[PDB]
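One chain follows as structure tokens, the form deposited in one PDB entry.
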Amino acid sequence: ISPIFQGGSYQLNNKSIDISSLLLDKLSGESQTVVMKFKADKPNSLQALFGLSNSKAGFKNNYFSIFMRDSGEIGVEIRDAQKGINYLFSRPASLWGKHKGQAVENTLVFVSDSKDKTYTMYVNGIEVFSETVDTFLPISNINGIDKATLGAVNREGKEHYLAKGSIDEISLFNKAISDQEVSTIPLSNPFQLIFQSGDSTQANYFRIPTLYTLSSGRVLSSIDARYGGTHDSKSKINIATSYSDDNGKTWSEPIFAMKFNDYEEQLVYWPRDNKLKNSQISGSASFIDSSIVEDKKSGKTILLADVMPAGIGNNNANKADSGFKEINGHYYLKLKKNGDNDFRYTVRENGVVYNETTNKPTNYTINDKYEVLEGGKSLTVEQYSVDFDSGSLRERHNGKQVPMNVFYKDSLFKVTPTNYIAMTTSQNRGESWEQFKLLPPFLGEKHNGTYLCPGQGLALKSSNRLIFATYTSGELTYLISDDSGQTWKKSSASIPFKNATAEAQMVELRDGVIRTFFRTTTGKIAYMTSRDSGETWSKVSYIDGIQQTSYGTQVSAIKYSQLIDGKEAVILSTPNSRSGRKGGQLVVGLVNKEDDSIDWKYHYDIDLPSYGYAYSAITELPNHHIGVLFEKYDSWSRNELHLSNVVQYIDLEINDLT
């Protein structure tokens, strides 16, 4: 099934190219496919790559175009004034610009299908929109079309949306090629996907990537599998993991490290229109923000994450309560029974539910999976599913029973509606994970729980010490274990910020010397240092030479194993921008032995300064390359919510960075 037109090596230098004679008489029938391989490493603010237009006076709104923005957004317009049709379909963050200094060849496939009345856009093997309409407009059927154009749209005789870039290949087909045929078109991607829409997680969205290189050489990744769009909360989120045994070349089908069953794992297309985009799965328990470390001694992998019950709500839930009760220097999980107005129960020794009014135990116990048992018998609740069939989000029982968990909305016994920290382990390097256990309160019975810093924990090289960074108001709270994560203690480190999202990651500069880099509210990345393996912490300093936004973004960090320019090296991954989450960089710092100060000497731009880059994970691969898994979009922006397959992985060598 051949192209009706095929052309290549077009240079778009703010001057459109007329291909009308070559293409227009070839166009026929009402279904078309455009395949285009193009580069744009210096795009204009808004530019059309391809246009079919009525160029005549008075018909300026009769055209089809494929356009892009310098934010990385791709879209089409399909307009006919006589038909009263003005379609615009687009998706932010769909493009690559540059990789290792070279312009990326993006592969774009646009399918206009008259039979299904559907327009579908793929970029780099990723479907970025699929839109069905009541009234279909074939792109060839726009009234009075007389121009086919590359690198602009001809309107009333003038070049609109002038492009800068190149089209190394463009093909057109008088057919809507199938999704399968699309999948056979060769790609030139600079990235790969570890987690993706339609995989075993069945989440359509992903956020908060982590990466960690295990001692066997296996590289492990964890991530938020996010079901209700990309929202933090309220939502349904599980923690998924995947691993690579060949230095990041291929990755295992994901499994769950932490999951709840009160709501079905559904692949859902979350609305992106302004009226509905803030719809939230509101009755589901959820995890969020994971962190990984490996323990030399037991050989176990440890994964922590925040846990939230279904009853959680932002503010007034639950600052001023840890969710635990202290009774004799020991902490016990509090529980409220269906119909009580306060928390009159605790989960004492061996999950026995006690009544704190009468100190009498009950016939109810809580098992290992935080599930409710009555007289030894497994209680259940009915699962929920969500849908937008009514034109707004509904959450409804689906007929399926699942074990009753104290984190669920429908549970007989409920935990305090606050945030907790959970821990699970794997003894097979990520092939399976245990049931999670809740960590105890660290800042007291009355303090709500600290917030886990997503990314990596720190395994000190010269001892058995494990450290996970967490944050809360006014300090970082480091969690320290010297016994394979069986027992934890805290080390508080004051920071000059109140209610900051002080996401912190650590590197060991040398034996027992830890530097922690963290997110602040000042527009600069901060850091502090410990010289006694985390017991005590220095005052806070800031990095100059890198800019963040006022609200800041997570920073990932590693100690590189090899010397660079003869010096110890640390590599930071972060957006470099004071406007938004974009301009991703790896910044290579060299340590000064005189004082452990760091000279930030090399900045590697991940992609264009204007292209999205948010939360990130980096790890030194066993072959000394650098693996980077990152949110390739602006995960703060209210315009880039609910995008699929934007968390992407790349492989880099140190020479690429210098």
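Numbers follow the displayed sequence, beginning with 1.
Keep in mind that the form deposited with a small molecule bound is not shown, yet the notes after this line are about it.
Quiz item: Among 619 to 627, 27 to 35, 589 to 597, 48 to 56, which stretch sits within 4.5 Å of the small molecule in the entry with it bound, heavy atoms only?
Solution: That would be 619 to 627.
Quiz item: Quick one: is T213 in contact with the small molecule in the entry with it bound, heavy atoms, 4.5 Å cut-off?
Solution: Output for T213 is yes: heavy atoms within 4.5 Å of the small molecule.
Self-check item: the small molecule contact at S561 in the entry with it bound, heavy atom, 4.5 Å
Solution: Judged by the heavy-atom cut-off of 4.5 Å, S561 is in contact with the small molecule in the entry with it bound.
Self-check item: the small molecule contact in the entry with it bound: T516, any heavy atom under 4.5 Å
Solution: Because no heavy atom of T516 falls inside 4.5 Å of the small molecule in the entry with it bound, the answer is no.
Quiz item: Heavy atoms within 4.5 Å of the small molecule in the entry with it bound: does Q548 have any?
Solution: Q548: no contact with the small molecule in the entry with it bound.
Quiz prompt | Of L438, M404, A176, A459, the one that lies within 4.5 Å of the small molecule in the entry with it bound (heavy atoms) | solution = By the 4.5 Å criterion, the partner-contacting residue is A459.
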